Protein chains: 4
Amino acid sequence: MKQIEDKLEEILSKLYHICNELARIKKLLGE
Amino acid sequence: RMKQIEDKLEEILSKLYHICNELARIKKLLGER
Amino acid sequence: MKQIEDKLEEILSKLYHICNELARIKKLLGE
Amino acid sequence: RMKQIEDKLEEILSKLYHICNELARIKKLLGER
């Protein structure tokens with residue numbers, strides 16, 4: 001159960017990085 | 001039509017936020033078990 | 001525990017739809 | 001520089017696949033409990 005929790009924390013951080021990459025792309029596309 | 005892509009990326013960014021929140025809420029429910 | 005499982009199925013489907021949207025965007029950008 | 005955006009979107013698409021797989025693997029571990 002802890003291995004699931006740790007893995008969820010890791011997925012959240014990966015999702016946050018993708019989120020920053022997509023916002024940078026959007027920024028670039030608008031300029 | 002580039003404007004449409006940017007609009008869509010904003011929609012995806014928001015949809016991803018919602019997924020992070022739901023995933024965070026699951027992480028918390030498991031740390032209560 | 002089942003409510004978590006059902007919610008994970010739902011998140012997977014949402015992630016799949018985003019995946020199709022990003023591939024359509026990539027397709028459009030390349031053309 | 002549009003080529004760089006497309007390359008990056010491919011990288012994100014792949015990174016998202018990996019997340020779906022890890023999430024699917026969690027869903028399965030919970031259905032075993």
# chains A, B, ... in the order shown; residues from 1 in each chain; ligands from 1
>>> interface_residues(of="chain A", to="chain C", cutoff="12 Å", atoms="only C-alpha atoms", output="ChimeraX atom specification")
/A:1,4,8,15,18,22,25-26,29
>>> closest_atom_pairs(of="chain B", to="chain C", cutoff="9 Å", atoms="only C-alpha atoms", output="JSON lines")
{"residue": "B:2", "atom": "CA", "partner": "C:29", "partner_atom": "CA", "distance": 8.4}
{"residue": "B:5", "atom": "CA", "partner": "C:25", "partner_atom": "CA", "distance": 6.4}
{"residue": "B:8", "atom": "CA", "partner": "C:21", "partner_atom": "CA", "distance": 8.0}
{"residue": "B:9", "atom": "CA", "partner": "C:22", "partner_atom": "CA", "distance": 8.0}
{"residue": "B:12", "atom": "CA", "partner": "C:18", "partner_atom": "CA", "distance": 6.4}
{"residue": "B:15", "atom": "CA", "partner": "C:18", "partner_atom": "CA", "distance": 8.0}
{"residue": "B:16", "atom": "CA", "partner": "C:15", "partner_atom": "CA", "distance": 8.1}
{"residue": "B:19", "atom": "CA", "partner": "C:11", "partner_atom": "CA", "distance": 6.7}
{"residue": "B:22", "atom": "CA", "partner": "C:11", "partner_atom": "CA", "distance": 8.2}
{"residue": "B:23", "atom": "CA", "partner": "C:8", "partner_atom": "CA", "distance": 8.3}
{"residue": "B:26", "atom": "CA", "partner": "C:4", "partner_atom": "CA", "distance": 6.6}
{"residue": "B:29", "atom": "CA", "partner": "C:4", "partner_atom": "CA", "distance": 8.5}
{"residue": "B:30", "atom": "CA", "partner": "C:1", "partner_atom": "CA", "distance": 8.7}
>>> closest_residue(among="B:1, B:14, B:27, B:7", to="chain D", atoms="only C-alpha atoms")
B:27
>>> atom_distance(atom1="CA of residue 21 in chain D", atom2="CA of residue 2 in chain A")
18.6 Å
>>> atom_distance(atom1="CA of residue 20 in chain B", atom2="CA of residue 6 in chain B")
21.0 Å
>>> atom_distance(atom1="CA of residue 23 in chain A", atom2="CA of residue 10 in chain B")
7.9 Å
